[PDB]
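Here's a solo chain for you in structure tokens, the form deposited in one PDB entry.
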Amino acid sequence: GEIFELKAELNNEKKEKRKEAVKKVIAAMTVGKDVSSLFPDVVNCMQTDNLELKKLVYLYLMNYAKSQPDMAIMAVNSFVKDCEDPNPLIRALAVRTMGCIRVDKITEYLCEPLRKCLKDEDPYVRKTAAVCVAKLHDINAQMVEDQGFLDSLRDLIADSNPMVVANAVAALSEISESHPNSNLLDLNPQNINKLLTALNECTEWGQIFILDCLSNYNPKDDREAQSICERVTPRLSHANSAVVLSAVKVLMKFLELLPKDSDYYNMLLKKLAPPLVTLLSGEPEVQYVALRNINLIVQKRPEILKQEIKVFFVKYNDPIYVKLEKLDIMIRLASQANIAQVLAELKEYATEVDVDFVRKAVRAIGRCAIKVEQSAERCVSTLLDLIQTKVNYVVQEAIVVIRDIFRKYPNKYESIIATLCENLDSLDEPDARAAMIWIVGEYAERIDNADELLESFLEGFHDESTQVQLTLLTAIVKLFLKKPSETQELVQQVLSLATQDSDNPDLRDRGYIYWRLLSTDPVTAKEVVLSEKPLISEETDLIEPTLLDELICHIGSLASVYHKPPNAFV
């Protein structure tokens, strides 16, 4: 087809048609077509001095020598010759192109040009050589010459040019992933002072890199933390949004000084809020990231945005993720003084058309009921009305939150049991089914239908969620302990079904434990299963404190956006 025509026009003496054919070849490469067989004429066209054509040929070289080393080896002579090009721009281009080649042969011949370019008068070549040192560390880097590159790069941090300092900081931070007990390789306090000075001179990306590097360092003494924070704080104004987030991370980590007697603690807590509130006025993606991080900040340190609830009210034109995170953050900061405003907002949000937003609002009403004791009756009435709306998912969420309301406030909200048990066939979700099974089991004393409700589930015991199976087993054991004679056969049935007819090791483990506990002696089993339990104590979908601390140590990073540890995703 046209591939032969492309080859023909590449094999031409005119430079204009040569570069035009190179452009069409790269376009065909980009759209998805494979032109690896068109490598040699590009090799022939390599011998030129046009910066544009040279760069395009470099791009083709990296893209295809990523998988084709054998005949792409020959570019070593061209790279070596180009290393001494008087023009620094082509020097840096050649270094960055040669470092991007991952084949074994280029590794040996890259070492000398990289070493020559690391120590240079021109700073552009120095920055390119630093990042190329990082690239060389990316692939097969154990040779002692790599250690020479690393300590040369470490000494490169003390340089007058700011951008090379920023890129060297990024390179050290990247290489520091290795853990032969020799971690991060640097950051003695003189380098701390140097980096803190260099925040001003470096670009908006340099400030990000230097703040991320500083986040790893820990102060030796108390006064060092305050001296560092008094210099980190000016970054709270916008050099970049990521600059603000990194500065917030650095300040949040370094809050280890005196909680009360130190006034700078209160000053920093006051200063932290306005940048956080400002971040919400940006683009929707940056707003989403800021809200994801503000959630963690509020969970860790509630006393920052306590008096600033009005800015988190959801707006109709907001994007869906922004709306959900705003709802979560409002429910985090809900309090006795402003419970009316948030409750009215939740009443309005329960009527929206989006399923996820309505489910989260129905969750939030119960969360407010748990948090504020005085408004518990009003929230329960609202939840009952939402159930009476007869919408299926609203019923599911209302039941799953009424379970937690029962757990927090025991033996005082039993008038809701009949209205709840009326909605039994509407439950098709494992969570609401488990919630209703728990409700039936816990309060089986004062409801007569509990035996029928618990027995009706055993028909579809298998092909059911493990949560529901365990909840059902526990509920039936509870019901037996309340009423022994009436529930003799049911307990034997469920125990045999859980032990002999189940493949789950955990489920049959619980089955054996319960069966033997009931068999050996009744009163001990009654004391164990039916023992009084401490209250959940006003939990608001809290994340694990250890994971919360790790996420706070990783505020700016993506792990805070995912709310998952870096181990979960590589």
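Sequential numbering from 1, following the sequence displayed. Take the two forms, superpose them, and find the largest set of C-alpha atoms that agree within 1.5 Å; that set is the rigid core.
Separately, the form deposited in another entry exists; it is not shown, and the next lines address it.
- Fit the rigid core and compare the CA positions between the shown form and the other one: of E452, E285, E303, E108, just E452 moves by 2 angstroms or more.
- The Cα shift for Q469 between the shown form and the other one, taken after rigid core superposition, is 2 angstroms or larger.
- Positional change of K390 between the shown form and the other one reaches 2 Å or more at the C-alpha, relative to the superposed core.
- Superposition of the core reveals a Cα shift of less than 2 Å for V131 between the shown form and the other one.
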